[PDB]
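Read through the structure below, which is laid out as structure tokens, and then see the notes.
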Amino acid sequence: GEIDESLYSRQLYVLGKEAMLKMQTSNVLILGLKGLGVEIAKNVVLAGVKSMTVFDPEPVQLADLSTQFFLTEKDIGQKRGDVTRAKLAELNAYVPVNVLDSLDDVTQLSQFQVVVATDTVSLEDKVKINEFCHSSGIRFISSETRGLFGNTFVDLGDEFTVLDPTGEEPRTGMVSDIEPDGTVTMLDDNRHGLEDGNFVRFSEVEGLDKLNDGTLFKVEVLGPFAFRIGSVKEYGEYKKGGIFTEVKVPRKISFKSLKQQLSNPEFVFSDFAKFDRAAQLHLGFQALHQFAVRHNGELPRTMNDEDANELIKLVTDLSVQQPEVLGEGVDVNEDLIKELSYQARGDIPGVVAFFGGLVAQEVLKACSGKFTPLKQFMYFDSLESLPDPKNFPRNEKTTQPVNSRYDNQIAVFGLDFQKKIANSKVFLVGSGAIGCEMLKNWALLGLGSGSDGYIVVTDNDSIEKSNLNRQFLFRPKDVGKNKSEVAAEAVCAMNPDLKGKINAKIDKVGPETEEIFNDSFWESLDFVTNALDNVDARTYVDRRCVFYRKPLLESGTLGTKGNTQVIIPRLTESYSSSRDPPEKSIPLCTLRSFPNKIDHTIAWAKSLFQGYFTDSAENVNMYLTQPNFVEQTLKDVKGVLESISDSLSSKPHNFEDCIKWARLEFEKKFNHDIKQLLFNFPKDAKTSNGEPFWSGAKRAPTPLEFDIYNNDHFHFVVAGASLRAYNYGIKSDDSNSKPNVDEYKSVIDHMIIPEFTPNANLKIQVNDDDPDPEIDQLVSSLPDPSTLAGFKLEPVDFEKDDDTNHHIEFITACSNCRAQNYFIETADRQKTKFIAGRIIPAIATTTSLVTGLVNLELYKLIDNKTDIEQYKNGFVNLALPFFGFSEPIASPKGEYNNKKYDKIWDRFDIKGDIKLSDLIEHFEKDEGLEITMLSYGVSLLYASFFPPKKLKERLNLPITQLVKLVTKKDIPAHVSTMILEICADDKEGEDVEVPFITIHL
Amino acid sequence: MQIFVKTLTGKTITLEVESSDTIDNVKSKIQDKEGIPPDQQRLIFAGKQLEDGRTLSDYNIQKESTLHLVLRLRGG
């Protein structure tokens, strides 16, 4: 069983099949199982390598639990490796998990493909292990974490080959011309999107035949719509046609050993605002190892002044000896190095998560050759996470161990700060990938523990099989249970301090749940955290947070890509202040008549499916039940009615009839309709110049000849029959079994397939910009609802992840038949499932990292940070790898009557259910505003242009009653707050933008 | 002078710029080179997001400086 698709589904769209075949054969060894080691291990086991081996004979101590989510108070005194092994072993049945007992041997060691050295391994020992790996051809990765600082180092050996540097779909495009000197012009307007030094192959270039060989050509970019490939004079002369496809080519790269890299490092920066720090921390991290050697393996003590001075001397000595490393003339950054000393014993969940997600991905890179490895060193810090010293003073007393799983967090932040985290009241909206990682971080934070705090998590989803791969709080046995409930349970198992402290709810968060999530609910909270996977719901929450003035932590992922965003009341723009690029719109005519990509034929197959088995049934049942359905339709007209007469006089009586139907539909859509198109626009028609009509995006199609042995012809009929059976409530002959080929064959073999008669008057449009896009006959040939009383059609509810329901079967077959029509490569059902079901690629790796960065932003909220420059919006692509940060954007400021206001966060507050006349007067005697317009949602309540009839009927009414009147039926019921929007003229008579209104009932 | 714009997809765009050039300006050069409307372009440099109203020199952009074109991602 090469790659279980029901488990590795989403991950399979991120990594290839080929790369996972390569992972499936790698053995990984992780050295040290404290917080960092167990993160890496979790992410790697979930991804599914050949085997995971683990080394940590050190005894479990209390303080380890700071970030080690797989240890408990009971495990203390036992070997970290032994105790984690079993827990890791539960994550992925496909990956065996072993403990290694000693490291003195070679025969074991040389069997591993990747070795990861963790914070528990000293720099001396790191240099030795890397040396053995390098010279052995074993990939080596190391990483350490120390308070708000971290680094990773990658050595993949003298020879490594990257198979695909980016993981991006290869570029593709239509050729308009190839000139003798190898200049390829794109088809009018199409961008190639290529880059100098990309490689490209060619198809369908009529005239230069051997050019379509599969031979690749180096690309020299001329502009957005043209590129050169060198002379093609020797292949012939271009005539017509042509498709380029980018091809990724193997790149051999060479890595240096740790020993080499220590004195001549190569960096990848974690934060470009902080580039001058890499060289500094590179020296810093070497210094705290020189410190340990000098102080019998001990790190500098917490917030200790003497030890910091020593560390500054060590770094200084490094730079005197190598002036090149900081740079000639460059001074030692003493306040940075001081901080490294101060925090060296710190163990921060946010930092560990970040390095775990990212180191884990490097491991996967090292197994597969997929994506671009980190070229050697990266340093990180999140010093902006430190609280303001004046409110949470950090010193030796404040910061000392108090015998608690949290004291390596206290090591950095102080007791009082750590206590304030415990006392937070938070809302987590969603319990999927980010949810699980988040709750996990929170457990380690102790967030919501302690009498004044708590956690609310909601998610209406139950646990699905395809989710286990990145939602690591769930087990195969939990599928079908509710996400939030299982996650709260699982997290209290990690940290019992959260028992009776997490309220796990199972409700959606939108218009329909405002009773349960009322003002009292929201007002109570300190901040809100998004763990969602769609935009509508992100927008709903963003609206609530601005109304209630609560901080919002946002984050999202797509494959190796991830982002993080902070919304701070009266400070930043909110989520909605910004819009992402829309889904690229496909021209109606391209879908309808001129597909040239598999995306085009899927979309078409998907709407066809919805036509056949959803909208047909709905329309019929609406027709049958409702009194005035027909007239309402009149007031999207012809097709509606046709759906209701075909669907009512074409009723199947058995499954046989459904086979016939589907087989006839096959002839309609892939033979007759194609022949009509070719009748409409003959194969040889020529537009301006002498250019064929069928050129560029218009591929001349060829009608299908039904062939049962063809996988797409066969499955279109099978899926088609079964779904029609389902509409009409007929026992399928496949319902029990595998589709019986000889059955379908015998039926189809006995059918009259009526031949094609072209329509000489029906015109198909070519462009969307073109005009133009028998009635009563269709009407009173509808056989009266009375003839069909008690009869219903059963509508299909598209369910993409149920492989037995024929949905994806249908879309795949239907798309591929149309793809056959127009000479497009057919797609498998997993690729169709991805596109039709709009599935988002996800991996645990990017999810940990992103959750980590969120939690480093969390500390800033706890300190009620006022300075915008302290906050970091995060952007990430682990494929490259790339990390970048931007300070959030300030909330837009407005002005009215020389009075400044925040356009997002400012509002007029009004006590009681005020009369409309009082409202207007209050705004004149207090704010210099006359009301042009007053509205509650989409309803207009008041406007200065209203007649004196409507004026005096409404002027006297309280807002409650005013809303009862305008809304044909409205009475609030449980609402204590009302938002009103306003248009006003200022003190000078001109129109002004103005804060909204809140009426407190 | 030359600046470099790197996309999240790992594509590098060279641009021909003046120190005085607006952010509005740089963005339409992206639109020319890449097709992305300025509306959807999010540029970051040295820890700051580049806002329309301002110019290059404001954010201390130099020759050979690297900008990054970024994105919010739905799903989690």
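Don't overthink the numbers, they just go from 1 along the chain as shown.
Determined by X-ray crystallography, 2.7 Å, according to the entry header.
Even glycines carry a Cβ here, placed using N, Cα and C.
Copied over from Swiss-Prot, here are the features:
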type	residues	note
REGION	A:16-568	region '2 approximate repeats'
REPEAT	A:16-153	repeat '1-1'
MOD_RES	A:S254	phosphoserine
REPEAT	A:414-568	repeat '1-2'
BINDING	A:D533	Mg(2+) 2 binding site
CROSSLNK	A:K584	ubiquitin cross-link
CROSSLNK	A:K597	ubiquitin cross-link
MOD_RES	A:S891	phosphoserine
Practice task
Quick one: among the modified residues A:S254, A:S891, which has the most Cβ atoms sitting within 10 Å of its own Cβ?
Solution key: A:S891
Handout entry: Distance [Cα-Cα, Å, rounded] between the residue listed as 'Mg(2+) 2 binding site' and A:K597 (ubiquitin cross-link)
Key = 27
Problem - Length of the line joining the Cα atoms of A:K597 (ubiquitin cross-link) and A:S254 (phosphoserine), in Å - result: 39
Practice task
Would you kindly give the Cα-Cα distance separating A:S891 (phosphoserine) and A:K584 (ubiquitin cross-link), rounded to the nearest Å?
Solution key: 29
Handout entry: Least surrounded among the recorded sites, given as A:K584, A:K597, when other CB atoms within 10 Å are counted
Key = A:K584
Exercise for the section: Take A:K635 and A:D636, the residues on either side of 3 unmodelled positions, and give their C-alpha distance in whole angstrom. Expected result: 11
Handout entry: Distance in angstrom, CA of A:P773 to CA of A:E774, with 9 unmodelled residues intervening
Key = 18
Completion exercise
Quick note, recorded positions A:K584, A:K597, A:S891 vs chain B, Cβ pairs under 8 Å, ordered by sequence, gives none
Exercise for the section: Sort the residues of the repeat '1-1' (A:16-153) into helix, strand and coil with DSSP and give the three counts. Expected result: 54 helix, 32 strand, 52 coil
Exercise for the section: Taking only the Cα atoms, work out how far A:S891 (phosphoserine) lies from A:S254 (phosphoserine), in Å, as a whole number. Expected result: 47
Exercise for the section: Would you mind checking how many other C-beta atoms are within 10 angstroms of the C-beta on A:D533 (Mg(2+) 2 binding site)? Expected result: 20
Problem - DSSP-derived structure type at A:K584 (ubiquitin cross-link), helix or strand or else coil - result: coil
